[PDB]
Structure formats: structure tokens, C-alpha cells
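S.K.: Just passing along the structure, written as C-alpha cells.
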Amino acid sequence: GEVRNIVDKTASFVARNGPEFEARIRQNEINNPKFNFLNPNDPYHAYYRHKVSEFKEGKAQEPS
């Protein structure tokens with residue numbers, strides 16, 4: 001699933017570099033639907049929120 005993979009991967013980068021990247025990425029692709037997930041308007045928005053914290057804790061399963 002693309003949506004979960006981009007969520008998981010974007011969350012990973014924002015988890016390492018900090019939430020300062022969430023803002024950058026969100027505003028850098030605000031019109032692009034590939035990043036619509038970063039806004040609360042998307043259904044998986046809540047899923048991504050968890051991924052960030054999870055990658056920071058270093059417990060989640062990286063993608064394949």
C-alpha cells in the first residue's frame with residue numbers, strides 16, 4: 001500500500017529530523033495530493049501521528 005508506505009517513510013524522516021520537517025514537507029507539497037495525508041483532512045492522518053512517535057521510540061517495523 002502506497003499511502004501506508006509514504007506515511008511510514010515520511011514519519012521516519014520527520015521522527016529523526018523532528019516535527020520541524022512535518023511543517024516543511026506539508027507546506028512544500030500542500031497542493032500535491034501525494035502529501036495530503038499530512039493534513040487532518042485525510043483519513044490516515046491519525047495513523048501517521050502514531051508512526052512519528054513510534055519511529056522516535058525506535059520500535060516500529062521499517063518498510064520493505
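Residues in the C-alpha cells are named by chain (A, B, ... in the order shown) and by number from 1 within that chain; ligands are numbered from 1 in the order shown.
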Please provide the set of residues having any atom within 9 Å of residue 62 of chain A, restricted to only C-alpha atoms, with same-chain residues fewer than 2 positions apart removed, written as a list in words.

M.R.: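 Listed by chain and then number, they are residues 8, 9, 12, 55, 60 and 64 of chain A.
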
S.K.: Mind checking which residues fall within 9 Å of residue 34 of chain A, counting only C-alpha atoms, ignoring those fewer than 4 positions away in the same chain, and posting them as a PDB file with C-alpha atoms, in the first residue's frame?

M.R.:
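What landed in around35.pdb:
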```pdb
ATOM      1  CA  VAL A   3      -0.376   5.514   1.357  1.00  0.00           C
ATOM      2  CA  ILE A   6       4.655   7.125   2.213  1.00  0.00           C
ATOM      3  CA  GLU A  29       3.647  19.715  -1.093  1.00  0.00           C
TER       4      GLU A  29
END
```

S.K.: Just checking: using only C-alpha atoms, which residue out of A:52, A:4, A:61, A:41 ends up closest to residue 19 of chain A?

M.R.: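 Using only C-alpha atoms, residue 19 of chain A sits closest to A:52.
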
S.K.: Give me, please, the distance in Å between atom CA of residue 10 of chain A and atom CA of residue 51 of chain A, quoted to one decimal.

M.R.: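 According to the coordinates, atom CA of residue 10 of chain A and atom CA of residue 51 of chain A are separated by 9.1 Å.
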
S.K.: Mind listing the alpha helix (DSSP H) residues of chain A, per DSSP on the backbone, as a PyMOL selection string?

M.R.: chain A and resi 2-17+20-28+45-57

S.K.: Could you work out how far atom CA of residue 63 of chain A lies from atom CA of residue 13 of chain A, giving the answer in Å with one decimal?

M.R.: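 Result for atom CA of residue 13 of chain A versus atom CA of residue 63 of chain A: 12.8 Å, one decimal.
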
S.K.: Which distance in Å separates atom CA of residue 22 of chain A and atom CA of residue 37 of chain A, to one decimal?

M.R.: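 Atom CA of residue 37 of chain A lies 10.9 Å from atom CA of residue 22 of chain A.
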
S.K.: Please list as a VMD selection string every residue within 10 Å of residue 26 of chain A, counting only C-alpha atoms and excluding residues in the same chain fewer than 2 positions away.

M.R.: chain A and resid 21 to 24 28 to 32 35 to 39
